[PDB]
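Quick notes on the structure that follows.
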Amino acid sequence: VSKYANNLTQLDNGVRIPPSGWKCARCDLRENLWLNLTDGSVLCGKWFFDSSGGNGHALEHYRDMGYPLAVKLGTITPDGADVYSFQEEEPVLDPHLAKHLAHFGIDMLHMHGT
Ligand SMILES: [Zn+2]
Numbered sequence: 001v002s003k004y005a006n007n008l009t010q011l012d013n014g015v016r017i018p019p020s021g022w023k024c025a026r027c028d029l030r031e032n033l034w035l036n037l038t039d040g041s042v043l044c045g046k047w048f049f050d051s052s053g054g055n056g057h058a059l060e061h062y063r064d065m066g067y068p069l070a071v072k073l074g075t076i077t078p079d080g081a082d083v084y085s086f087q088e089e090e091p092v093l094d095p096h097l098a099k100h101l102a103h104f105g106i107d108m109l110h111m112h113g114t
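Going left to right, the sequence shown walks through residues 1 to 114 as the entry's author numbering numbers them.
Here's what the structure looks like:
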């Protein structure tokens, strides 16, 4: 569980999650994405060997905003999703996933949670 999730600061500043449901800033990846919990910056992170992209936008986001938390998009299930912390450096959980995703328009139950 993320310890930063307790003190999760969200920043609605032009946050507009795309009609694609997800896709990162830098590269053109449809998967392996990291949706920032704060301002809603969607980035990604390739799984070792990838031939589509996965550049270092995460560090840039730490340079720009400094918010080291993002949801691993694509792993979103009715139960929950995977989250990565750049601050804790670990794959972390969030006891407010549903709230955060719901505030993002991300409905886990939409496909098969109802
Ligand atoms: Zn990317």
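We put the CB at the ideal spot given by N, CA and C, even for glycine.
For the alpha helix (DSSP H) holding residue i, just list the boundary residues, first then last.
i	result
residue 64	57 to 64
Can you list, in chain order, the residues of its chain whose CB lies under 7 Å from that of residue i, leaving out five sequence neighbours each side?
i	result
residue 94	2, 5, 83, 100
Leaving out five residues on either side along the sequence, give the residues of the same chain with a beta carbon under 6 Å from the beta carbon of residue i.
i	result
residue 33	22, 24, 42, 44, 73
residue 13	39
Using a Cβ-Cβ cutoff of less than 8 Å, which residues in the same chain neighbour residue i once the five nearest sequence positions on both sides are dropped?
i	result
residue 27	44, 52, 53, 54, 55, 57
Just checking residue i against ligand 1 - is the residue's beta carbon closer than 6 Å to any of the ligand's heavy atoms?
i	result
residue 54	yes
residue 16	no
residue 30	no
Mind checking residue i: buried by the 16 CB within 10 Å criterion, or exposed?
i	result
residue 102	exposed
Measure the beta-carbon distance from residue i to residue j and round it to whole angstroms, keeping in mind my assumption that it falls under 8 Å.
i	j	result
residue 36	residue 69	7 Å
Looking at the secondary structure, which residues open and close the beta strand (DSSP E) in which residue i lies?
i	result
residue 70	69 to 73
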